[PDB]
Structure formats: C-alpha cells, structure tokens
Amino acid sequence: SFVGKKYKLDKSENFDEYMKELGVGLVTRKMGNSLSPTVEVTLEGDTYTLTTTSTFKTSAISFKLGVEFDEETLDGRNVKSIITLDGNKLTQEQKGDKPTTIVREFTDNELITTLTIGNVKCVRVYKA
C-alpha cells in the first residue's frame, strides 16, 4: 500500500535532540536539522529498500523483513537491526549501545515517523 510512494518531510519535533543523543556531531546535527529529506520504501521479490534522500546523500538500505542485519548509524557505528511489519506500521529496532526504535506509520497519504532513543521521542511527519 505504501511501497513506491514518496514522502517529503513536512514537520519535525525533537530531531536535534534525537541526533544529539545518538552522538551526531555539532555540524552534522545542525545541517541535518534544516534538511527536508524524502522517504520511499520499495520492494523487489523478498527484498525491501528504505531510501531516505537529502540534497547531500542517499541512504538506501535493503533488507528482508524480520531478518536481522548489520546497519551503519548516523553517528558512525555498525549495529544489528531488524525491521518488521504489522499492518501499516513498519518498525525498525537497533541493538547495540545506543538502542533505538524507529516506527514508520503510513496512513496512506502521510508518513508519521516516531524515533525513540533514551528519553527522547522525535516525531517527524512526511507527506506524499
């Protein structure tokens, strides 16, 4: 239902704090605050690709749902992650020493992304 739909950032709360807690450096963090990236989930056969695109960089990560994989974090660590699907909610868990959950709820026409690290909840809303 949400595959192949492209969403662009419309509003964000607490992303600076999420990045700071994640360990992102001062300049990257201030740059990241002001970007308006797009998100798109695509699928071919068994393999999903979650593509987040800013004017500087594309992060396109491919994964099989419910199969654990290794992932680079924004602050430069390699962590084990797993992504699962429950209806319209795509949930990403990162293990390791900065555990995080990123829940992407597609409403049909908008995407609501809730990012949790420590006591920080970030909410980012993207629209088609």
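Just count from 1 along the sequence shown to find any residue number.
Q: Can you tell me whether 30-38 has a higher mean C-alpha B factor than 67-75 in this record, or the other way round?
A: Looking at the record's C-alpha B-factors, the answer is 67-75.
Q: Quick one: say whether 54-62 or 80-88 has the higher mean Cα B-factor in the deposited entry.
A: Stretch with the higher mean C-alpha B-factor: 80-88.
Q: Sorting by Cα B-factor within the chain, modelled residues only, which third would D46 end up in: lowest, middle or highest?
A: Highest third of the chain for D46's C-alpha B-factor.
Q: For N14, does the deposited CA B-factor place it in the lowest, middle or highest third of the chain?
A: Top third by C-alpha B-factor.
Q: Compare the C-alpha B factor of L111 with those of the other modelled residues in its chain, then answer lowest, middle or highest third.
A: It falls in the top third of the chain.
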